[PDB]
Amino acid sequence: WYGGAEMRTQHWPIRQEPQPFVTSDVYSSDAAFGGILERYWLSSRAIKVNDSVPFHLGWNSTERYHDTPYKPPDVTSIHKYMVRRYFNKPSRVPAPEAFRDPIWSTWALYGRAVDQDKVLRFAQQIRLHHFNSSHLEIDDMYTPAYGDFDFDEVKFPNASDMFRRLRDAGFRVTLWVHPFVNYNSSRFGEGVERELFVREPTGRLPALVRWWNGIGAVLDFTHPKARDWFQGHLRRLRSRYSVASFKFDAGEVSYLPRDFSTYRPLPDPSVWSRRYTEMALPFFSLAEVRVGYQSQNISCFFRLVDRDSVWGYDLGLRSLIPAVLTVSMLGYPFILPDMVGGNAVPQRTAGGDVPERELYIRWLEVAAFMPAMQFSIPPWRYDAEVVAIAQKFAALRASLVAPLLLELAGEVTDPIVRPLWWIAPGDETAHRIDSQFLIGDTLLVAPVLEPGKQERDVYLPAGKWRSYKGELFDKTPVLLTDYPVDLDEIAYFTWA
């Protein structure tokens, strides 16, 4: 079975007392449901839970309105029927360069301590190592307090000159934003007085929340005034600095209080997540969100919740294909699998400071074949061979992958990243495979996802496949055993 929710430990196929099926931050929890989910499950043997339901999901591996935020008021053919019936499609395609050039993020590289000096040094190193850039994403924290939209003049003494130097060096820029106003923000009082925040149950006062950056209120995206207000500050940041778009962080209702009031009543709390994702709409072309609750027709990128610099299915390298396939199934084609190499969080890093070298390389390779590719910890943090491998995969993405992604993106208005069973719906091996995927119907990808491996088994389904080296495999289906894939290579095959 396939579908349901993005999870912390993501298996494909899918593989707990029923808890609310609501948008949560699953970074620290293997119980909760991730920021992107639909009440939709698909079987390899060829269900849509009704939107009305105060829906709670549990599970029992042995056989395979109270205490809740809910208030009362062949396999390919059937999947395509269900997708067409229930999921709206994006009507627009993001910027073409987002499907070709690497995105560069300050977050994993610098953390909160990002600076004017560090942004410009990052951009210079991107140019010196001869990489294109879709855009540069300035993350947490570039403001004096969480809720202020203006740049902190201590860390950014001449924002204008930074943006001018970045523009002159051919860099598009996106800015990190979020739905919170902390109590020590210069905008908190403004928000209390204009009644822009999510309220306690009686609906008279703001309700305080805790998120990873502290304590404040959360904007009510059901309130026209709160939306106009949020949008106004985004438009001011574009006007002042020619910023292209925004990374929309949080959006999960796990950051809203248990019981809460909104301008419009939300019998389904997760519709708050939807209303937040709608803030991406005016800047969709280079926007990203990390939640999706009927957010499919928002034509921006959808980011997997923070990946850890580990190998395993627990937000690591082996989670990428399951997570991307899961999200693709739910009608979100424009997927960004977070950061190449992961976020390098201490105690959650195979390595110490940064991901071990082999992990960075293997990740880079699989990320080069995904709809959008984002570096933070850059190739030149390692050595010249890693830079060269990244240059090779940038070139290969530009010439082979990007043109195919752009065609499939235009077509969507089906997913872009497809499971093997998409073209082989009757094939039980294709049903189980988690280490391979398709881009459209014609490009099959088999990355190495383990350390100390210069080969792997590659399953080819029925029909004819041409390897990158030009080998024609037409005695299919077949398992190619110990197929050579050196550290600096990926196995891919084209339809023929």
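In this text, residue numbers run from 1 along the sequence as written.
key: Deposited but uncoordinated residues in the residue 413/residue 414 interval   = Missing residues, residue 413 to residue 414: 1 to 3.
query = Hey, how big is the hole between residue 15 and residue 16 in terms of deposited residues without coordinates: none, 1 to 3, 4 to 9, or 10 or more?
reply = Unresolved stretch here: 4 to 9 residues.
message = Can you tell me whether 78 to 86 has a higher mean C-alpha B factor than 320 to 328 in this record, or the other way round?
response = So the stretch with the higher mean C-alpha B-factor is 78 to 86.
inquiry  = Tell me which stretch has the larger mean Cα B-factor in this entry, 164 to 172 or 368 to 376.
reply    = For C-alpha atoms only, the mean B-factor is higher in 164 to 172.
query = Considering only 72, 189, 337, 179, which residue's Cα atom bears the greatest B-factor as recorded?
reply = Across 72, 189, 337, 179, the entry lists the biggest C-alpha B-factor for 72.
request  = Please work out which residue in 438, 448, 49, 36 has the highest C-alpha B-factor recorded for this crystal structure.
outcome  = In the PDB entry, the greatest C-alpha B-factor among 438, 448, 49, 36 is found at 49.
ask   = What third of its chain, lowest, middle or highest, does the C-alpha temperature factor of residue 490 fall into?
value = As the PDB entry reports it, the C-alpha B-factor of residue 490 lands in the lowest third of its chain.
request  = Could you tell me which third, lowest, middle or highest, the C-alpha B-factor of residue 26 occupies within its chain?
outcome  = For residue 26, the deposited C-alpha B-factor lands in the lowest third.
request  = Can you work out whether the C-alpha temperature factor of residue 94 puts it in the lowest, middle or highest third of the chain?
outcome  = Its C-alpha B-factor belongs to the middle third of this chain's values.
message = Lowest, middle or highest third: which one holds residue 421 when the chain's residues are ordered by CA B-factor from the entry?
response = Its C-alpha B-factor, which the entry lists for residue 421, ranks in the highest third among residues of this chain.
task = Using the B-factors in the PDB entry, rank residue 351's C-alpha atom against the chain and give the third, lowest, middle or highest.
result = Residue 351: CA B-factor falls in the highest third of its chain.
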